[PDB]
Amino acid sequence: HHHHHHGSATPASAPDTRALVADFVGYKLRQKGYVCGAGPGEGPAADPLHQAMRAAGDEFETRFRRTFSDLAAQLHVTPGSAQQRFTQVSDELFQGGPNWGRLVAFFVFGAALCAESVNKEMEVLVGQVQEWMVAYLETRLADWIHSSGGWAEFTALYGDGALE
């Protein structure tokens, strides 16, 4: 007796991408000492995809420790130029085409840009960069992600498994 509502499209909707980006960025901001307390990324990951990205980003950053943090610090960013600079770095990262490694690099860079923004007293940019990441993933990178097996494939490759 509860009848389904066949809703029309909501183009701006992207709940899973938003949650993933928010978790990773929040996790990284707390890890780097820029954010404290409750919110996305606080405590253990509550989704295997989120855990997979945390682990992948962590491992990448251990190997390329200052690659993106140096870039984010050196990049000239104001609130007015931030989207242009975000787009510049992202477009360079994906020269040669997407792959899972480049996706991880993209997340690491996005988090690094957010951290530097907090450091430079531009915390307002954090939420904005998250949304720019979401739009870039939902539009520029979506076809590749789908054709490559979706985020479920990423979780299989980078996650810690069904026991954990």
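One-based numbering along the sequence shown.
Original post:
In the PDB record, does 134-142 or 118-126 carry the higher mean Cα temperature factor?
Top reply: The stretch with the larger mean CA B-factor is 118-126.
Original post:
Which wins on mean Cα temperature factor, 152-160 or 14-22?
Top reply: Looking at the record's C-alpha B-factors, the answer is 152-160.
Original post:
At the C-alpha atoms, which of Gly101, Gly57, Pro48, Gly97 reaches the highest B-factor in this entry?
Top reply: The record points to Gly97.
**OP:** Please pick out which of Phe64, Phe106, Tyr34, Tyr27 has the largest Cα B-factor as recorded in the entry.
**Re:** So the option with the highest C-alpha B-factor is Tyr34.
**OP:** Within this chain's modelled residues, let me know which third the CA B factor of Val77 belongs to: lowest, middle or highest.
**Re:** Within its chain, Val77 is a highest-third residue by C-alpha B-factor, going by the deposited values.
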